[PDB]
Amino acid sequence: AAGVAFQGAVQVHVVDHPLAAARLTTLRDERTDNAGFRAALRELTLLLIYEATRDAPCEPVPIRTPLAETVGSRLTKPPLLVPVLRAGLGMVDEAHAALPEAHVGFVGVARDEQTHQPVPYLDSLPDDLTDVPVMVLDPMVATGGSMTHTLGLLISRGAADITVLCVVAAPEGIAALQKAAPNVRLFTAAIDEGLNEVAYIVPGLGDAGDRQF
């Protein structure tokens, strides 16, 4: 937990938190059913959301309360959340709960049976100009192709500071992160060994989408 620097000075932060570890140990077990995999994934997403939303600026708000008037606080950056589909959709339906005020955009990638190159059909996103913080929500950061391709259109609209949330990433994937966007930050629950013949992360979680749907 620091986490590491890597090649393009890609900054990674490893959520080593105990309840993080426990949810993670639930997510990888092959004994666990898709329900418990969805629920484990969800509660694990707020952990990442919390570790990433630390240095998020704020803003005072004039407020009442019961028994007289007082002043509170309210975050000031409106985080665009971006689920990478298919897999990053369990993560979003209560990042909302963590971040109610935050808006959602849709871009993603899907992999070929053999070549493994990302397929790109979709474009339903905001007017994502400059000063807009963007968290990308993808569980398995594997080769990077899927990740690299979303950020490819993020930065095309001039996406500012980028954070990426993921349960597990691989040294291949983070490397293709540095090559793509040197000033994006990455939050994982674990770094792994690497990929395999089928570019699945190992040990990892299996196919993250399949065991939610």
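A residue's number is simply how far along the shown sequence it sits, counting from 1.
Mean temperature factor over C-alpha atoms, higher-scoring stretch between 157-165 and 48-56: Comparing 157-165 with 48-56, the higher mean C-alpha B-factor belongs to 157-165.
38-46 versus 175-183 - greater average Cα B-factor per the deposited record: The stretch with the larger mean CA B-factor is 175-183.
Third of chain Cα B-factors occupied by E193: Middle third - that is where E193 ends up once the chain's C-alpha B-factors are sorted.
Third of chain Cα B-factors occupied by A170: Within its chain, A170 is a middle-third residue by C-alpha B-factor, going by the deposited values.
Chain-wide C-alpha B factor ranking for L27, given as lowest, middle or highest third: Its C-alpha B-factor, which the entry lists for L27, ranks in the lowest third among residues of this chain.
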